[PDB]
Every structure is written in C-alpha cells, then in structure tokens.
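Reading the structure
Chain residues, written in single-letter form:
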Amino acid sequence: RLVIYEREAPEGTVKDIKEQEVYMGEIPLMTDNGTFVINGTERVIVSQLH
Amino acid sequence: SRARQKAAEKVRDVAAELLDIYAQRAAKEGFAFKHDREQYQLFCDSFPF
Amino acid sequence: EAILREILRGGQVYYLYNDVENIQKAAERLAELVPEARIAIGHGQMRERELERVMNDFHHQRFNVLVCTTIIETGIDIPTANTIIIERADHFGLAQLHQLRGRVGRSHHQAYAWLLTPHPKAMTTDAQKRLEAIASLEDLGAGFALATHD
Amino acid sequence: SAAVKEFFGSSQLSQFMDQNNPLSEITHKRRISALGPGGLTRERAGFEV
Amino acid sequence: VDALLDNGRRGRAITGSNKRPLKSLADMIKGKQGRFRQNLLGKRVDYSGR
Amino acid sequence: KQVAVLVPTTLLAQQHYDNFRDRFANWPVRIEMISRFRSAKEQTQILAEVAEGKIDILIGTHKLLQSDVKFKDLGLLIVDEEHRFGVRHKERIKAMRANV
DNA sequence: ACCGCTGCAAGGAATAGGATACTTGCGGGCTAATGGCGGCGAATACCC
DNA sequence: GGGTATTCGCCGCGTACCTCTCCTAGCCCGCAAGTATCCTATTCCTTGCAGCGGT
RNA sequence: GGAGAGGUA
C-alpha cells in the first residue's frame, strides 16, 4: 500500500493511496515430514546451535 | 514491459564495400601538391602567434 | 563542500546527471542540499528556446549551478564554469570523460573535477578499469595514452 | 527469490538427506550442527567444544 | 612485463572477468599447484585397483 | 582543390566558420558553411554552386554526406572531433574520390 | 468625380512539432569475517 | 641518533577413497547525447482586392 | 575445473 503526501499541504497529509497484490519470492514449503524438495532432491535444514 | 526482444539486423553488408573503397584508394595515386615558400610564408605571417 | 568551494570562488558549476526523467527531482534534491546556490535546469529535450535562454542566462551569470545531461559535451565557452560534478560516473564513455574534463579549465584559475562513484563492488569491473585509468592520468599530453586505455 | 533460493539450495546447513532408513531420516532431521554461518570451524575448534 | 612474470607482485593486479586475477609465469611455479610440488605430490597411476 | 570541412554538430561548425573566415582574411578564397540552420533556399544555391566551385572551403555537419553534394574537384578532406561518424559516414566522402 | 491610401482576405510560405531512420557510449534484464597457533616483517614505542 | 624488547597483522596451516550438490555471461533494449529527412499543421508574411478620402 | 556438505578407514 503506497501513501503519497500532497506537496501543497503541510507535512503529513494524503494526496491519494493505492494498493495491489504484489508478488515477491517463491519460498519453499516444508512437507508433512520435514523435507524441503528443492530440485527434485529432498533436502533438510539442520538446526544450528550457535 | 514493452521493451522485450527480437529485432534483426544485417539488412546491408558493409565489409565488401569497405574493401572496395580501400582497394580503390590503394589502386589509384594521390595528388602531388605544390608548395610555395613565400606565398606560404605570407600566410604564416597572418598567424599572430 | 565542492559546491561551496566553487560558489565562494564566484564561478559556476556544471553538475551533470544525464537522465531527463528525474532531473527535475534531482534539482531540488541538490537545491535544499545547498540552499544558497542558484539552480536552473537544462537538457537537450526542451522546446529549443528555453534551452538557449538557460545557456545565455548562464553566460550572463544569472545563476550558479546548472543541472544537465551531456548537452554540455558540445563544448561551449564560459570558462567561469570551473567544476564538473558527474553524479553517476559509472555509465559514461571514457573518451567523453576526458572531453568533460576538458570542459572545465580554460583559465588561469585552478579548475576542479569530482567524479562521483557508486560503491566499488557494486559497479562493473570495466567501470573500475575506466576509473582507475582516469585516476592514474591527470596531466597535459595524457589524452592519447588515455585513448590507449580506451 | 535469489536470497531464499541461495540459502535453501547452497548453504552449509541445507544438506542432503540420508534416506536409507526411516531412522536415518528421522535422526538427520534432528541433527544439532555447530557449524555453518555464524558458527565455529571444522578444523578450528579446541578440545573444549 | 612485470604483470607477465609475476602478476600481483604489485599491489595492483590486472584481471579478466569476475575479479579473479590472471595466472602468471609465477603461478605455474608458485605454491601448492605448480610444476614443483605436483611431481612430488600424488600422481594417479595406471595398473591399479582397490 | 576545393577543401571540404566536416564536423559532427552545428555549434562546432559555427566556431569553425569564424575561425576560417577570420584567418583567411586576405586571400581570394570564399568560405561557407551548411547545416540545418541554413535555409533551403540558401542550401539550394550553396550546394549547386559547389559544382560550379567558387566556394573553395565548405564546412558542415552530415549534410555534406547526403548523396547530392558534388564537388567539382575534391582535394582535401578535413574531419574534426573524430570519435563519432561510425565508419560509413567516415568513408562515404572518400567513396566520391578514391585518392582524396 | 477618380486615383491614392488603407484595412482586410487570402495564399502561400516558413517554421515548430512530432514522427521516422542513422551515429557514439554503456549498463540492466535477461536468456544462455568477528570460536586459533606460529614466524616474521612492520611497526614500533622504549630506554639509552 | 640508536640498540632493544614488543606487539600486531599477513599468511601458512597438513593421508587414501566414495557419494551428492551448488557454480556465471554476453547481448538487445533501454537511456542520454547528436545528426539527418518528412509531413503537417500552423502561424506568419506578403500580396492583392474592397472601400473610403479628399480638395 | 572449482567451493560446500556428508560417509568410510
């Protein structure tokens, strides 16, 4: 959602505001067990201890 | 988005014509110019430097 | 501080941006950055009378900093202009880099030239080679070997 | 997409399953690794860790 | 010529693409992959099994 | 030998016209220019007169290389501010006279 | 009364605007490291 | 100046085999210049007729 | 051809 402040008015006012469903990224989904299927292979992220 | 792809080229060859003009230059002989000492010196005099 | 160094000398500044769609915004972006400079706009796509007005008013010192495209590359007079600020020297041909370095100068006054760079790892490797070449050679007689760098 | 695919594809942690059991799957899904980004080094860890 | 014989002996080392510096006539002699340690290191041999 | 001058803009032609005219201020030589800034009625006499040839020095932009300019005896090409002009515009004049 | 002079109709003429196709450059998008030890030069700072 | 301890960064970091996955690069179209034509339309400049002046 | 993960001895 984009806000545009109208220049003529003082600091912080609304000319108009638009909105649309932007798409960004293809996040992998975990399966029902634990596996992330990445390239037809079946990877697993291990928990890191730091 | 209307900036995608797909324009062709090579509507007219250059290489043959460049070779032609270069061969034509290297075939004929250039002009042997004539130089005048004092006439060129009077032109040098017009140079105020 | 580059703009201030030029204006309290008294001459004028070529500030070149080379994108006409946003040069209007870049004008005020520079203008509240230096509130005491006088900024007008000039580029090759105006109505071919306001351009001449801008350049002649520039020629009569009516304002200090000119935001411009590479229209100035046509090699105008007014040696009082003594500082080039190329805002994005990433995308500019090295021969006309030398040409724009020739634009300032023309005077006994010591001209200046700041070539703004983006962050060094962001840019093209070829741009880095270009900028190392232009940072190596700052003399007279160095135009030709700079073409051997081209 | 580049940032998430680089991590899910090529990291020190997103590793290939041993699938030659049910046991080897279910104990490779609980490995507590002390390596990878922000961690210590395979060759450069003392006798204390 | 100073880049030919040993590129990178200078602080400035000229490269090609992707900022990897070129191999010089030092680099086929320098280090752990030169012509000096390779004969001394393991060379795979014919007529063998495992 | 009908010197021909080529520059890649109108402005450089404009300074060159001053330079040529002011330096050749004492010799029987007629020097002119052509660009888009010249009117057609001036173009139609300048380029026609080039065939006649009392103009010996002619300055201009790409307007010279417009496949209509006919120098009666071309003897010298001078071209300024080189790194423009492609290749075709560079040798399109030499196509007229092989040993220019 | 009738050329003499003026104001307006027109017509062409010239010129801005906005197309097109040509050159230089060059990039942008796009397909095609802060969990270690040791030696040594640098760089000391340090007492003489 | 000048011997002398001292520290700090730069760079080396130690067998053989097997398995699996990740890797970047040139160019077409865009941008900015610049130049030419080509209609068009659109105002501008110039001319010629309509109509009143007058002494 | 390289980097990374594992596994054996």
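Numbering of residues starts from 1 on every chain and follows the order in which that chain's sequence is written, so it may differ from the entry's own numbering; residues lacking coordinates are left out. Labels follow written order: the first chain is A, the first ligand is 1, and so on. Bear in mind that the chains are drawn from a larger assembly and that all values refer to what is shown. No hydrogens and no water enter the side-chain calculation; it runs on all heavy atoms of the structure. Residues with missing side-chain atoms are left out of burial classes, side-chain pairs and their counts.

Determination of this PDB entry was carried out by cryo-EM to a resolution of 3.8 Å, according to the record.

**What about the protein's contact with DNA strand G?**
For each residue, the test is whether any non-hydrogen atom lies within 4 Å of the molecule or strand; if one does, the residue is near. Close to DNA strand G lie 14 residues, the nearest being C:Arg47, C:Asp90, C:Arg130, D:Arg44 and F:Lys41. A share of 66% is what sugar and phosphate atoms reach among the atoms of DNA strand G within 4 Å of the protein. Between C:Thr124 and DNA strand G, the recorded distance is 3.4 Å, taken from a side-chain N or O atom to a sugar or linking oxygen. Whenever two N or O atoms come within 3.5 Å, that pair is a polar contact, provided that in protein one can donate a hydrogen and the other can accept it, and provided that, for residues adjacent in sequence, both atoms are side-chain atoms. In the model, a base nitrogen of DNA strand G is placed 3.2 Å from a nitrogen or oxygen of the D:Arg44 side chain. For this classification, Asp, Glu, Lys and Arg are treated as charged, while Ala, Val, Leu, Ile, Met, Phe, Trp, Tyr, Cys and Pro are nonpolar and the rest, including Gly, are polar. Each residue belonging to the surface near DNA strand G can be placed in one class, and the counts come to three nonpolar, five polar and six charged.

**Quick look at the interface of chain D and chain A**
The interface is formed by 22 residues belonging to chain D together with 19 residues belonging to chain A. By buried area we mean how much accessible surface two parts lose on assembly, using a 1.4 Å probe and totalling the loss over both. Both faces considered, chain D and chain A share a buried interface measuring about 1,700 Å² in area, 64% of it formed by carbon and sulfur atoms. Area buried by chain D at its contact with chain A is led by D:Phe8, D:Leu13 and D:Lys29, which between them contribute 32% of it. The salt bridge criterion pairs a side-chain nitrogen of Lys or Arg with a carboxyl oxygen of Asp or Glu, the two atoms within 4 Å. The interface formed by chain D and chain A holds zero salt bridges in total. Where chain D packs against chain A, one counts six residue pairs in polar contact. Secondary structure elements are defined from DSSP: runs of H or I of at least 4 residues count as helices, runs of E of at least 2 residues count as strands, and each element is numbered from the N terminus. At the level of secondary structure, the elements contributing two or more residues to the side of chain D that touches chain A comprise α1 (2-9), β1 (14-16) and β2 (32-33) of chain D. With four residues, α1(D) is the largest single contributor of residues to the side of chain D that touches chain A. In the side of chain D that touches chain A, the residues fall into 10 nonpolar, 10 polar and two charged. The contact definition used throughout considers only heavy atoms, calling two residues in contact when any of these lie within 4.5 Å.

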